[PDB]
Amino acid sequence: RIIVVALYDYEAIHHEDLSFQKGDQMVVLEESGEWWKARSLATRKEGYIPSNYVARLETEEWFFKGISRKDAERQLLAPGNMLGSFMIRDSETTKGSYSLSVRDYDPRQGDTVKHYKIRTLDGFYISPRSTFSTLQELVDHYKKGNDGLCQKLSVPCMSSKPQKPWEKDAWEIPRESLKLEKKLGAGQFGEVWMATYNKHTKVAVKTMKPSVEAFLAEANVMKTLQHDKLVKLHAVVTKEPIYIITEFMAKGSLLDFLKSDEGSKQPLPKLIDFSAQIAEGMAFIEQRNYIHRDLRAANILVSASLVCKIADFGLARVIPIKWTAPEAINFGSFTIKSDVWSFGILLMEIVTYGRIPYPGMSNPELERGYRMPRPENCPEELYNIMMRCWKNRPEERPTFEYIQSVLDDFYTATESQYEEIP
């Protein structure tokens, strides 16, 4: 007898899925991954529901599960929030513990987010003097007054409806299910379309010009590489020409967005954030021991809410020298370090708002030790990161883990990560 509650509103759009509202209790009948079979207690109907839409602490309006410090910082500084906006989350360095992230303001620094460790007793407390038995007592307390905090607690961080999962057992789909509506891009190997799946789910389809099974297997490799900074691979059409179905990114490629009007209005910390998300994705690729082979702003997608994701890596294997490292050009040796070089070039693209890497220079001719000069708006240390990425010896290039760690806390000293309260 398992009972869960709905965290968000969900309207059914399939044959056997259920419609429920925020707060509706339900009885779990079967747990089958992204989709569970359950029975509503309000409608008494048995059907399918998305797992990530229900919980059995998560039910609290001020708790956010599985999110990092940087993620909290991003979601709190997002539009729709104010001073005092806060959240309680799973600690990222203290496994099993919790942390509080609060939005603050201060001149000369702008809008910020402070983070406080929450210590579990052997109850909870931020300050040893003021202790609480439940987290709800903590939040209720600090909503009354700072009491040591950077700011008085106000309203929980604005919750965002999660991504609707792909329908069950729909990895291989019939072509008739798709209506390719608007061509977004074309190339030598195929084209890219904005399309609709079964009249309900907007997706992006990549049509591949005409081995079948081997490519299919490569796609089966890609499908298991799921990450928030990697484009979600939903479905595939098997009959030629092969269609690759992925999630739709509203603002398209990072290149086009940076060259766009809205992109030119994006400040430097936002660019740093973009490249930090890209670095995180490439770090996920790095930990899994894989290779992108073609890292550029053109191969990075941007969601509607300004989220940068890595797209279509590994497709290159089934087949850009300015983004390519010397060790990969002269000897065809492609490794993660060449991806680091490529990431340096990408960094340069992002700071220069999509500008061509070596302007005025043709592909031929680096041997004289020439590196791109630092742009006027580019920070010296960021340029230092670029230079570290552009090193002749591949083994002397930084890891994507380290690069991500540096870019994430680019404006924060290590000591200033979590505020200390006596």
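Superpose the two forms; the largest set of C-alphas matching within 1.5 Å is the rigid core. One rule holds for the numbers: they count along the sequence shown, beginning at 1.
Of the two segments 34 to 42 and 350 to 358, the one whose CA positions lie farther from the displayed form in 9 other deposited structures of this protein, once all are superposed on the rigid core, is 34 to 42.
For 170 to 178 versus 341 to 349, the mean Cα distance to the shown form in 9 other deposited structures of this protein after rigid core alignment is larger for 170 to 178. The records show that residue 111 is included in the coordinate set of every other eligible entry of this protein, so it is not omitted in a third of them. Omission of residue 121 is seen in a third or more of the other entries compared for this protein where the adjacent residues are built. The gap between residue 56 and residue 57 holds 1 to 3 unmodelled residues of the deposited sequence. The modelled chain breaks after residue 319 and resumes at residue 320, leaving 10 or more residues of the deposited sequence without coordinates. As listed in the deposited structure, the average C-alpha B-factor of 278 to 286 and of 307 to 315 is greater for 307 to 315. Look at the mean CA B-factor for 355 to 363 and for 375 to 383 in the entry; the higher one is 355 to 363. Per the PDB record, 160 has a higher Cα B-factor than any other of 299, 160, 99, 75.
The residue among 79, 190, 128, 156 whose C-alpha carries the highest B-factor in the deposited model is 79. Residue 198: CA B factor lies in the middle third for its chain, per the PDB record. Remark: residue 182 belongs to the middle third of its chain, ranked by C-alpha B-factor as recorded. The deposited CA B-factor of residue 174 belongs to the middle third of values across its chain.
Sorting the modelled residues of the chain by their CA temperature factor places residue 35 in the middle third.
In this PDB entry, residue 93 carries a Cα temperature factor that places it within the highest third of its chain's modelled residues.
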